[PDB]
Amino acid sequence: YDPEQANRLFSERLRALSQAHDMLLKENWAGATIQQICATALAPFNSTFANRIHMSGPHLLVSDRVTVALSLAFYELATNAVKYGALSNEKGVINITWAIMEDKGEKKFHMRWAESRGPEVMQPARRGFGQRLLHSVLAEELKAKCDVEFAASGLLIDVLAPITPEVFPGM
């Protein structure tokens, strides 16, 4: 081991990641709706796994940063769904649902990624740096409380965010 080389490798890999994220940020300058984000990111998966990914929610416009964060989150979640969850078998299904909530006056954005009818989700299922990082980036861009549950019945991700015009333009 050499700590100086380990730090250098981490920076170089981080810079490579930032470069890839800027390519996405430039492309997505106008933002997008959850529907457009969701359908666009999950299009390669809808080809391979027809009628196994379901999306439902109101028409809702989101900023450039959230469109990028959410795209990679959706892509990364589907990548794992094929390797471990609902898309690893033949009967497993993914339900992406979002909506505009109300806490007796305060308007909130809620989103759920729900995997069902997939294989059993075995007890020591613990996230690595990448997914942890993506979830953290997504939650920070949304200024959201994010809950990740590795339920035996299937992975359940919940996002609860306050509505601000920075994150949700024209709101």
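Numbers for residues come from their place in the sequence shown, where the first is 1.
- Legend: mean Cα B-factor per stretch from the PDB entry, 97-105 versus 74-82; the higher mean is in 97-105.
- Per-stretch averaging of Cα B factors for 123-131 and 63-71 places 123-131 on top.
- Of the candidates 139, 114, 32, 43, the deposited coordinates give 43 the top C-alpha B factor.
- Ranked by C-alpha B-factor against the other modelled residues of its chain, residue 110 falls in the lowest third.
- Among all modelled residues in this chain, the alpha-carbon of residue 9 has a temperature factor (C-alpha) in the highest third.
- Looking at the C-alpha B-factors along this chain, the one for residue 145 belongs to the middle third.
- When all modelled residues of the chain are sorted by CA temperature factor, residue 48 is found within the highest third.
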